[PDB]
Amino acid sequence: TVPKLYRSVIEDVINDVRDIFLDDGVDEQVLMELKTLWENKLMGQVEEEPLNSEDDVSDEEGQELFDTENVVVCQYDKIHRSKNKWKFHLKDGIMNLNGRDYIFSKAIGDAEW
Amino acid sequence: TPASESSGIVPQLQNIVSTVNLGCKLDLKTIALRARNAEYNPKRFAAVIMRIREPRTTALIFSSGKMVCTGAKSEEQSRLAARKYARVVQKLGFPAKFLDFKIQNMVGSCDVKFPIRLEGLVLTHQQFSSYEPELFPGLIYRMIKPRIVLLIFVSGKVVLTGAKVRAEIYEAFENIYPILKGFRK
Amino acid sequence: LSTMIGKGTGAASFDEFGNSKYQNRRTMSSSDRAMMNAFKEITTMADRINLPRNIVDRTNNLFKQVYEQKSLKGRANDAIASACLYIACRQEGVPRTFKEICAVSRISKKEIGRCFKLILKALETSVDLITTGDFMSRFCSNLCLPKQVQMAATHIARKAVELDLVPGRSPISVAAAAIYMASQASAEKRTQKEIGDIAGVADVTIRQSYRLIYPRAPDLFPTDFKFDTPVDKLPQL
Amino acid sequence: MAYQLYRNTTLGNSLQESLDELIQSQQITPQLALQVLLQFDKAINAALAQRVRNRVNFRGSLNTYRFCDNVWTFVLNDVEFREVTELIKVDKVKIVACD
Amino acid sequence: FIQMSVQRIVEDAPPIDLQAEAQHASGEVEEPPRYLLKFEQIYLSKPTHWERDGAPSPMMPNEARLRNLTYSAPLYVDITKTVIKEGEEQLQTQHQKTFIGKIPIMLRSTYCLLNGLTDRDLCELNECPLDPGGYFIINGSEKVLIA
Amino acid sequence: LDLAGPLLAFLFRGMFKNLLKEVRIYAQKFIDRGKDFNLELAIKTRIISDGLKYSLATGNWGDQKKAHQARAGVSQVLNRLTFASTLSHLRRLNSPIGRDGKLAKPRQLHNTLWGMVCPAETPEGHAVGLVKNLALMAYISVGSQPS
Amino acid sequence: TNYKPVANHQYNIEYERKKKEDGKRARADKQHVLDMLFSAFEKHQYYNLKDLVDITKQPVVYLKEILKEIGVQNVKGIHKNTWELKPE
Amino acid sequence: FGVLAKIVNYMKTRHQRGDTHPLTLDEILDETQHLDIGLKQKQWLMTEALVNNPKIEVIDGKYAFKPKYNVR
Amino acid sequence: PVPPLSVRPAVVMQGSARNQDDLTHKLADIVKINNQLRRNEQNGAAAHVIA
């Protein structure tokens, strides 16, 4: 059902940029090669600075730069919070979860930190 | 008053309000970009919002270099959180400085464990008390001594705010408690 | 300041070439013209709920006092007029709800309430505390309820406060719940939505308040009341 | 204007790389590739708007967050995506949201 | 005058429309909000009085004279709002039943409650049976209009 | 003869049209500030309520600021000295006239008043023959559409 | 009548409109704002202050300090003012 | 025109700085960050803004001193 | 010349001072504009506006 959606996307994109290819005078073979390659790819001190008396209150830089975990790109409708309790109302939505790709139009949501 | 020391139920501190100046200008955007567990909406408000779970607190820092810290259970813990944030700013590489830290407000609360008649309290202290049960369900008492505001409820619950020193809360509460006991149900 | 002038002899009264006979009239008191404009708003508001001139006269008086002190000049002038109207109404011993004065105005309930407190601080003055009796009359009246039923509701309300059955409730909501109990104990039986509609409170608030007073309903009615449906047959909702 | 963000995706990245091959072979121009990426944005937004109608529900531990330039950036830990007919758990996920 | 004249006048020719002055200095997007107002059937209650409490009650022409009231009745009118915006919305219509002012009733006319009661009832209301009516009561004073 | 209906009708039209303008000004002020509309607040009830109250009480007529030169004295307190003064007062009619010195023919008893206005029954004073009284059987049309 | 709004129903809607990111302006992005001024001035020699306020979504007093910096002002009739970057 | 005003403003600041040393158009484009203004506008500059300019100072084969001419 | 108060005893009629002899009220209008035209000469005197 969803690979079909990507196929839908392939048809829409190829169709709509075809005219761009023609406008440049680029060959339709290049368009097909693009599609085929793309498909193949698809699968004092204490009054100044007692500040050093709190050294190491730090955490892992591990969780952002590496991106070892999975990623989700979407949109938000409204975000809401109550102390350490957070609520999310999200919309639109492409997910990538341990090997597979998923999709949503709306997603609602609660998390604590 | 020894005679009534079961007044001495020592009201619990729940919130502390302090401010501090970091002593340098900063760029909130870069800060919001760089910092973790932080939020910044310049289209809604100016200050950047940061939040730690340590002594469970939150701070709001401006661009002038001034910031406000809240959420502390105590003033020491508040100086700790204030120092923790300034440390984080130090860790950003910015010229962070612990300058002009000061408490602005203290909040306390407690329960007296008995029901009371607000109708009497508002009658006898008409010059200071203000009660609007149609609007707010509590009763607002404005003392002129330790210039404190009190919130009184039929359950017997009390909240006090406007405080600069914990002693002032105890003093406000030791003073008013006998009156409240004098209006018990 | 000065008198006025105005057009009419047919003319000569130059405009010599243009189309403006003689001259235009002139404004006089501009610093205060929005005080006069406040007096205009207070009367409009006042008539839209059929208030007496005596209220309007107290309201106008309060306002001038608040204006002269200039202690709250920053606030919305219309909010100040509306709050004055509320105070005048309570001082004359026939209070209107914050919900009612908000209705005839464009100012929010929160802002009228806020201004109310500030004016009280500005004039260093206080008012009486509202009772159930001050509103039981108007409500029962607008619902075309019999005089006898109004009387019973009053008694129901008064006793309810006396038995301290509602320590965690507003007197208006309790008033509404007494009206419902009375009405359902008579042939009239006004619906919760209708009572809601006159009182302005949420009909869930009445239902809760009713559920709280229902266990003592027998003791609350006047012994001289002519019952239609007995309490042993009083509905639950 | 449709957000550039979906170009970050594997789908989006495979496209950018496919275009880059075409540029390596000098069969197209960088501006034209950009114009294809812009059209791909519109078309995939349209595909989202017209075809995509499903929804999902989730609960989890929040690890870090950010908000700047009207862009929300999260990283959640011990997440659980719940659907009416499936369920998907993962140890950690980043959520970027624009509007 | 009530049964005909006032209705004809509110129907006659007063539709008002207003079109906001928007999309200034910058535009190109269907939006200058427009409103129209229409007035329908007129309603007229029986002569009423509002006590300071806020409670309305029927007014008795004798009472009106002693307490120095104005014996008049409230006039209500049907008002409509009709939002035919410049495109998207066109069927936004809402009905209202609204108080506009107080019309002085003339005594014992078809709209003044005394017309319906019988001779014994009228004597019960402390009103003279032979009294002719056909004069307004204003601020306590009985006032007659000269042809 | 203009009677209570057409005399009231002139005023009700003017105040109600005037009321329409005050509601026009309010809707524009709503649109200017950034929108906050309440159709029930725009009606200035006092224009009608008080306007009819005022004209009918003083006896003046209309705009007061200017219009009051000829159509003055049209409402009056109903004389009540006997039963006859009242019946005679309600059944009075007034011709308007110059004032203070006019001598002509609108003062003598035209033949066409036969069966219409009283032969002899007119003020013994300065306004002899100008304020007349309606005969015993005479009647007046209310009028209706010719359609 | 007066079926109690306690928070006027239109007023609620206007607040709701406000309840979508309002009351904060760029000022702050100066140079990018200058870009808008330069772009606008390319369309016409003079503009009303009100058109610039709509166009650049910033505080008026700050924009005035900019118009003092790179331009002049030219008024006509009843306080009708237009500003211009002195074309030459 | 706007772009030209930025040239005027830059030049104004440079005069204010104390110097009136002439520079090439290309350098001015660069320093004003308007290098990519295109051939057309540049051409307009060359055949109006720089030559139809009523108070432009040409010296050392380059264009200088725009803000002022009345007093030296 | 300003006529003496005996010519304009107002009339009080209850209240207090509610009684400025409408002629006084006109005299107040004359003084007000003459003060303004005086201040106009003191200040930025125009031309047509003085006329």
# chains A, B, ... in the order shown; residues from 1 in each chain; ligands from 1
call {"tool": "residues_around", "arguments": {"residues": "range 46-48 of chain D", "least_positions_apart": "6", "cutoff": "12 Å", "atoms": "only C-alpha atoms", "output": "number ranges by chain"}}
result
A: 2, 4-13, 74-75, 91-94, 103-106; D: 2, 6, 39-40, 54
call {"tool": "residues_around", "arguments": {"residues": "residue 52 in chain C", "least_positions_apart": "2", "cutoff": "12 Å", "atoms": "only C-alpha atoms", "output": "ChimeraX atom specification"}}
result
/C:43,45-50,54-59,85,88-89,92,94 /E:49-54,69
call {"tool": "residues_around", "arguments": {"residues": "residue 123 in chain B", "least_positions_apart": "6", "cutoff": "10 Å", "atoms": "only C-alpha atoms", "output": "compact mmCIF listing (two decimals) with C-alpha atoms, in the first residue's frame"}}
result
# COMPACT_ATOMS: atom_id res chain seq x y z
CA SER B 129 -10.03 41.47 53.50
CA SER B 130 -11.56 41.13 50.02
CA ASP C 128 -21.55 44.43 51.63
CA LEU C 129 -21.33 40.69 50.94
call {"tool": "atom_distance", "arguments": {"atom1": "CA of residue 58 in chain B", "atom2": "CA of residue 14 in chain B"}}
result
13.7 Å
call {"tool": "atom_distance", "arguments": {"atom1": "CA of residue 83 in chain C", "atom2": "CA of residue 98 in chain C"}}
result
9.1 Å
call {"tool": "atom_distance", "arguments": {"atom1": "CA of residue 48 in chain E", "atom2": "CA of residue 77 in chain E"}}
result
16.8 Å
call {"tool": "residues_around", "arguments": {"residues": "range 92-101 of chain F", "least_positions_apart": "4", "cutoff": "8 Å", "atoms": "only C-alpha atoms", "output": "list in words"}}
result
residues 146 and 147 of chain E; 70, 71, 88, 130, 131, 132, 133 and 134 of chain F
call {"tool": "interface_residues", "arguments": {"of": "chain C", "to": "chain I", "cutoff": "7 Å", "atoms": "only C-alpha atoms", "output": "PDB file with N, CA and C atoms, in the first residue's frame"}}
result
ATOM      1  N   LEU C   1     -17.661  76.551  29.538  1.00  0.00           N
ATOM      2  CA  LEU C   1     -16.918  77.509  28.721  1.00  0.00           C
ATOM      3  C   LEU C   1     -17.800  78.535  28.006  1.00  0.00           C
ATOM      4  N   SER C   2     -18.370  78.150  26.865  1.00  0.00           N
ATOM      5  CA  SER C   2     -19.035  79.120  25.995  1.00  0.00           C
ATOM      6  C   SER C   2     -20.345  78.635  25.366  1.00  0.00           C
ATOM      7  N   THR C   3     -21.062  79.569  24.747  1.00  0.00           N
ATOM      8  CA  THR C   3     -22.312  79.276  24.058  1.00  0.00           C
ATOM      9  C   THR C   3     -22.047  78.706  22.677  1.00  0.00           C
TER      10      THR C   3
END
call {"tool": "select_by_dssp", "arguments": {"residues": "range 5-57 of chain B", "states": "strand (DSSP E)", "output": "JSON, numbers by chain"}}
result
{"B": [12, 13, 14, 15, 16, 17, 18, 19, 20, 21, 38, 39, 48, 49, 50, 51, 52, 57]}
call {"tool": "write_last_selection", "arguments": {"atoms": "C-alpha atoms", "output": "mmCIF file, in the first residue's frame"}}
result
data_model
loop_
_atom_site.group_PDB
_atom_site.id
_atom_site.type_symbol
_atom_site.label_atom_id
_atom_site.label_comp_id
_atom_site.auth_asym_id
_atom_site.auth_seq_id
_atom_site.Cartn_x
_atom_site.Cartn_y
_atom_site.Cartn_z
ATOM 1 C CA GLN B 12 6.004 24.494 53.378
ATOM 2 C CA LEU B 13 7.913 26.462 50.745
ATOM 3 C CA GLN B 14 6.775 25.478 47.235
ATOM 4 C CA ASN B 15 8.229 28.130 44.957
ATOM 5 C CA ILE B 16 11.043 30.688 44.945
ATOM 6 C CA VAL B 17 11.530 33.657 42.634
ATOM 7 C CA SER B 18 15.021 34.996 42.038
ATOM 8 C CA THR B 19 16.832 36.969 39.356
ATOM 9 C CA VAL B 20 20.483 37.168 38.334
ATOM 10 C CA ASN B 21 22.551 39.080 35.761
ATOM 11 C CA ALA B 38 15.498 24.596 25.695
ATOM 12 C CA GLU B 39 12.832 26.579 23.823
ATOM 13 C CA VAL B 48 14.807 31.857 25.950
ATOM 14 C CA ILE B 49 13.311 29.143 28.188
ATOM 15 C CA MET B 50 15.514 26.481 29.812
ATOM 16 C CA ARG B 51 14.541 23.640 32.174
ATOM 17 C CA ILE B 52 16.476 21.299 34.465
ATOM 18 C CA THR B 57 13.530 24.244 38.237
#
call {"tool": "interface_residues", "arguments": {"of": "chain D", "to": "chain A", "cutoff": "7 Å", "atoms": "only C-alpha atoms", "output": "PDB file with N, CA, C and O atoms, in the first residue's frame"}}
result
ATOM      1  N   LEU D  11      14.347   8.998   0.988  1.00  0.00           N
ATOM      2  CA  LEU D  11      13.677   9.275  -0.279  1.00  0.00           C
ATOM      3  C   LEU D  11      14.224  10.545  -0.930  1.00  0.00           C
ATOM      4  O   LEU D  11      14.623  10.536  -2.097  1.00  0.00           O
ATOM      5  N   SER D  14      18.138  10.031  -1.669  1.00  0.00           N
ATOM      6  CA  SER D  14      18.307   9.228  -2.878  1.00  0.00           C
ATOM      7  C   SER D  14      18.048  10.036  -4.152  1.00  0.00           C
ATOM      8  O   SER D  14      18.726   9.843  -5.159  1.00  0.00           O
ATOM      9  N   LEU D  15      17.069  10.935  -4.102  1.00  0.00           N
ATOM     10  CA  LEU D  15      16.791  11.841  -5.216  1.00  0.00           C
ATOM     11  C   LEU D  15      17.946  12.810  -5.462  1.00  0.00           C
ATOM     12  O   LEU D  15      18.406  12.965  -6.593  1.00  0.00           O
ATOM     13  N   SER D  18      20.721  10.889  -6.856  1.00  0.00           N
ATOM     14  CA  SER D  18      20.406  10.569  -8.247  1.00  0.00           C
ATOM     15  C   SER D  18      20.674  11.751  -9.189  1.00  0.00           C
ATOM     16  O   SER D  18      21.177  11.576 -10.298  1.00  0.00           O
ATOM     17  N   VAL D  36      13.913  20.572  -9.925  1.00  0.00           N
ATOM     18  CA  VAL D  36      13.306  19.252  -9.766  1.00  0.00           C
ATOM     19  C   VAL D  36      13.019  18.923  -8.305  1.00  0.00           C
ATOM     20  O   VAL D  36      11.982  18.343  -7.979  1.00  0.00           O
ATOM     21  N   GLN D  39       9.925  20.888  -7.328  1.00  0.00           N
ATOM     22  CA  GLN D  39       8.741  20.220  -7.855  1.00  0.00           C
ATOM     23  C   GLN D  39       8.406  18.956  -7.068  1.00  0.00           C
ATOM     24  O   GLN D  39       7.236  18.666  -6.814  1.00  0.00           O
ATOM     25  N   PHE D  40       9.441  18.212  -6.688  1.00  0.00           N
ATOM     26  CA  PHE D  40       9.283  17.033  -5.845  1.00  0.00           C
ATOM     27  C   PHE D  40       8.661  17.377  -4.491  1.00  0.00           C
ATOM     28  O   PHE D  40       7.820  16.634  -3.986  1.00  0.00           O
ATOM     29  N   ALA D  43       4.924  18.188  -5.162  1.00  0.00           N
ATOM     30  CA  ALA D  43       4.231  16.968  -5.565  1.00  0.00           C
ATOM     31  C   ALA D  43       4.023  16.011  -4.390  1.00  0.00           C
ATOM     32  O   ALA D  43       2.976  15.374  -4.280  1.00  0.00           O
ATOM     33  N   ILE D  44       5.025  15.907  -3.520  1.00  0.00           N
ATOM     34  CA  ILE D  44       4.931  15.058  -2.332  1.00  0.00           C
ATOM     35  C   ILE D  44       4.048  15.690  -1.248  1.00  0.00           C
ATOM     36  O   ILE D  44       3.367  14.976  -0.511  1.00  0.00           O
ATOM     37  N   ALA D  47       0.658  14.885  -2.631  1.00  0.00           N
ATOM     38  CA  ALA D  47       0.413  13.471  -2.342  1.00  0.00           C
ATOM     39  C   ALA D  47       0.018  13.245  -0.884  1.00  0.00           C
ATOM     40  O   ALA D  47      -0.826  12.404  -0.579  1.00  0.00           O
ATOM     41  N   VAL D  52      -2.728  10.685   1.524  1.00  0.00           N
ATOM     42  CA  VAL D  52      -2.454  10.276   2.900  1.00  0.00           C
ATOM     43  C   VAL D  52      -3.567  10.734   3.837  1.00  0.00           C
ATOM     44  O   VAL D  52      -3.846  11.928   3.954  1.00  0.00           O
ATOM     45  N   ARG D  53      -4.206   9.772   4.496  1.00  0.00           N
ATOM     46  CA  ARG D  53      -5.338  10.053   5.370  1.00  0.00           C
ATOM     47  C   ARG D  53      -5.241   9.326   6.712  1.00  0.00           C
ATOM     48  O   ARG D  53      -6.046   9.564   7.613  1.00  0.00           O
ATOM     49  N   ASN D  54      -4.256   8.444   6.841  1.00  0.00           N
ATOM     50  CA  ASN D  54      -4.091   7.648   8.055  1.00  0.00           C
ATOM     51  C   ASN D  54      -3.502   8.447   9.218  1.00  0.00           C
ATOM     52  O   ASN D  54      -2.960   9.534   9.023  1.00  0.00           O
ATOM     53  N   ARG D  55      -3.616   7.899  10.425  1.00  0.00           N
ATOM     54  CA  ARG D  55      -3.136   8.579  11.623  1.00  0.00           C
ATOM     55  C   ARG D  55      -2.447   7.592  12.555  1.00  0.00           C
ATOM     56  O   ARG D  55      -2.573   6.378  12.393  1.00  0.00           O
ATOM     57  N   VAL D  56      -1.722   8.116  13.537  1.00  0.00           N
ATOM     58  CA  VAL D  56      -0.982   7.274  14.462  1.00  0.00           C
ATOM     59  C   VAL D  56      -1.031   7.904  15.852  1.00  0.00           C
ATOM     60  O   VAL D  56      -1.296   9.098  15.993  1.00  0.00           O
ATOM     61  N   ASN D  57      -0.777   7.100  16.877  1.00  0.00           N
ATOM     62  CA  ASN D  57      -0.810   7.574  18.252  1.00  0.00           C
ATOM     63  C   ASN D  57       0.382   7.051  19.034  1.00  0.00           C
ATOM     64  O   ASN D  57       0.773   5.896  18.879  1.00  0.00           O
ATOM     65  N   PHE D  58       0.971   7.901  19.867  1.00  0.00           N
ATOM     66  CA  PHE D  58       2.234   7.550  20.493  1.00  0.00           C
ATOM     67  C   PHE D  58       2.417   8.074  21.910  1.00  0.00           C
ATOM     68  O   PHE D  58       1.838   9.088  22.297  1.00  0.00           O
ATOM     69  N   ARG D  59       3.241   7.361  22.671  1.00  0.00           N
ATOM     70  CA  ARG D  59       3.572   7.743  24.034  1.00  0.00           C
ATOM     71  C   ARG D  59       5.044   7.411  24.272  1.00  0.00           C
ATOM     72  O   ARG D  59       5.533   6.405  23.758  1.00  0.00           O
ATOM     73  N   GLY D  60       5.754   8.230  25.038  1.00  0.00           N
ATOM     74  CA  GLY D  60       7.140   7.914  25.340  1.00  0.00           C
ATOM     75  C   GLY D  60       7.859   8.885  26.256  1.00  0.00           C
ATOM     76  O   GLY D  60       7.311   9.911  26.648  1.00  0.00           O
ATOM     77  N   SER D  61       9.108   8.560  26.577  1.00  0.00           N
ATOM     78  CA  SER D  61       9.942   9.410  27.418  1.00  0.00           C
ATOM     79  C   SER D  61      10.634  10.469  26.566  1.00  0.00           C
ATOM     80  O   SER D  61      11.271  10.150  25.564  1.00  0.00           O
ATOM     81  N   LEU D  62      10.508  11.728  26.971  1.00  0.00           N
ATOM     82  CA  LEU D  62      11.142  12.838  26.261  1.00  0.00           C
ATOM     83  C   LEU D  62      12.590  13.024  26.700  1.00  0.00           C
ATOM     84  O   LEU D  62      12.867  13.186  27.886  1.00  0.00           O
ATOM     85  N   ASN D  63      13.516  12.972  25.743  1.00  0.00           N
ATOM     86  CA  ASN D  63      14.944  13.021  26.056  1.00  0.00           C
ATOM     87  C   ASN D  63      15.557  14.428  25.939  1.00  0.00           C
ATOM     88  O   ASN D  63      16.270  14.874  26.839  1.00  0.00           O
ATOM     89  N   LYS D  92      14.737   5.036  20.475  1.00  0.00           N
ATOM     90  CA  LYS D  92      14.962   6.477  20.401  1.00  0.00           C
ATOM     91  C   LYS D  92      14.656   7.030  19.006  1.00  0.00           C
ATOM     92  O   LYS D  92      14.911   6.372  18.000  1.00  0.00           O
ATOM     93  N   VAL D  93      14.048   8.214  18.960  1.00  0.00           N
ATOM     94  CA  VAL D  93      13.634   8.821  17.695  1.00  0.00           C
ATOM     95  C   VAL D  93      13.719  10.355  17.743  1.00  0.00           C
ATOM     96  O   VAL D  93      13.429  10.967  18.773  1.00  0.00           O
ATOM     97  N   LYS D  94      14.134  10.972  16.638  1.00  0.00           N
ATOM     98  CA  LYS D  94      14.115  12.431  16.533  1.00  0.00           C
ATOM     99  C   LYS D  94      12.884  12.905  15.780  1.00  0.00           C
ATOM    100  O   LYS D  94      12.536  12.369  14.728  1.00  0.00           O
ATOM    101  N   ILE D  95      12.231  13.922  16.332  1.00  0.00           N
ATOM    102  CA  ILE D  95      11.055  14.503  15.705  1.00  0.00           C
ATOM    103  C   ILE D  95      11.267  15.982  15.409  1.00  0.00           C
ATOM    104  O   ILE D  95      11.415  16.801  16.317  1.00  0.00           O
ATOM    105  N   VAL D  96      11.285  16.306  14.121  1.00  0.00           N
ATOM    106  CA  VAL D  96      11.387  17.682  13.656  1.00  0.00           C
ATOM    107  C   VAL D  96      10.032  18.111  13.105  1.00  0.00           C
ATOM    108  O   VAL D  96       9.473  17.440  12.236  1.00  0.00           O
ATOM    109  N   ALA D  97       9.506  19.224  13.605  1.00  0.00           N
ATOM    110  CA  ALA D  97       8.203  19.704  13.154  1.00  0.00           C
ATOM    111  C   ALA D  97       8.175  21.191  12.801  1.00  0.00           C
ATOM    112  O   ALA D  97       8.567  22.041  13.598  1.00  0.00           O
ATOM    113  N   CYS D  98       7.713  21.484  11.590  1.00  0.00           N
ATOM    114  CA  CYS D  98       7.501  22.857  11.148  1.00  0.00           C
ATOM    115  C   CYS D  98       6.005  23.104  10.949  1.00  0.00           C
ATOM    116  O   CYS D  98       5.236  22.153  10.830  1.00  0.00           O
ATOM    117  N   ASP D  99       5.589  24.367  10.910  1.00  0.00           N
ATOM    118  CA  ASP D  99       4.210  24.691  10.543  1.00  0.00           C
ATOM    119  C   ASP D  99       4.080  26.123  10.031  1.00  0.00           C
ATOM    120  O   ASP D  99       4.552  27.069  10.661  1.00  0.00           O
TER     121      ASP D  99
END
call {"tool": "residues_around", "arguments": {"residues": "residue 29 in chain F", "least_positions_apart": "6", "cutoff": "12 Å", "atoms": "only C-alpha atoms", "output": "PyMOL selection string"}}
result
(chain E and resi 18+20-21) or (chain F and resi 22-23+35-38+42)
call {"tool": "residues_around", "arguments": {"residues": "residue 236 in chain C", "least_positions_apart": "5", "cutoff": "12 Å", "atoms": "only C-alpha atoms", "output": "CSV table (one decimal) with N, CA, C and O atoms, in the first residue's frame"}}
result
chain,number,residue,atom,x,y,z
C,180,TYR,N,-34.5,25.5,40.9
C,180,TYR,CA,-34.8,24.2,40.2
C,180,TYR,C,-35.6,23.3,41.1
C,180,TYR,O,-36.6,22.8,40.7
C,181,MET,N,-35.1,23.1,42.4
C,181,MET,CA,-35.9,22.2,43.3
C,181,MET,C,-37.3,22.6,43.6
C,181,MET,O,-38.2,21.8,43.6
C,184,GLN,N,-39.4,22.1,40.3
C,184,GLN,CA,-39.7,20.7,40.1
C,184,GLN,C,-40.7,20.2,41.1
C,184,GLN,O,-41.3,19.1,41.0
C,185,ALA,N,-40.8,21.0,42.2
C,185,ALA,CA,-41.8,20.6,43.3
C,185,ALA,C,-43.1,21.3,43.0
C,185,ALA,O,-44.1,21.1,43.8
C,207,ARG,N,-26.7,21.1,38.3
C,207,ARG,CA,-26.9,19.6,38.5
C,207,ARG,C,-26.1,19.1,39.7
C,207,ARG,O,-26.6,18.3,40.5
C,208,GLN,N,-24.8,19.5,39.7
C,208,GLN,CA,-24.0,19.2,40.9
C,208,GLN,C,-24.5,19.8,42.2
C,208,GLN,O,-24.5,19.1,43.2
C,210,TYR,N,-27.6,20.7,42.9
C,210,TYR,CA,-28.8,20.0,43.2
C,210,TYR,C,-28.5,18.6,43.9
C,210,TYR,O,-29.1,18.2,44.9
C,211,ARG,N,-27.5,17.8,43.3
C,211,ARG,CA,-27.1,16.5,43.8
C,211,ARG,C,-26.6,16.6,45.3
C,211,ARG,O,-26.7,15.7,46.1
C,212,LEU,N,-26.1,17.8,45.6
C,212,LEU,CA,-25.5,18.1,46.9
C,212,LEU,C,-26.6,18.5,48.0
C,212,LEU,O,-26.4,18.2,49.2
C,213,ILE,N,-27.7,19.1,47.5
C,213,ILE,CA,-28.7,19.5,48.4
C,213,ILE,C,-29.9,18.5,48.5
C,213,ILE,O,-30.6,18.5,49.5
C,214,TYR,N,-30.0,17.6,47.5
C,214,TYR,CA,-31.1,16.6,47.5
C,214,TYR,C,-31.2,15.7,48.7
C,214,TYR,O,-32.4,15.5,49.2
C,215,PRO,N,-30.1,15.2,49.3
C,215,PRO,CA,-30.3,14.5,50.6
C,215,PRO,C,-31.0,15.1,51.8
C,215,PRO,O,-31.4,14.4,52.7
C,217,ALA,N,-33.6,17.6,51.2
C,217,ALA,CA,-34.8,18.3,50.6
C,217,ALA,C,-36.1,18.4,51.5
C,217,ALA,O,-36.7,19.5,51.6
C,231,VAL,N,-41.8,14.9,47.9
C,231,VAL,CA,-40.4,14.7,47.8
C,231,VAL,C,-40.0,13.2,47.6
C,231,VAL,O,-39.0,12.9,47.0
call {"tool": "residues_around", "arguments": {"residues": "residue 125 in chain E", "least_positions_apart": "4", "cutoff": "12 Å", "atoms": "only C-alpha atoms", "output": "VMD selection string"}}
result
chain E and resid 59 to 63 113 to 114 117 to 121 129
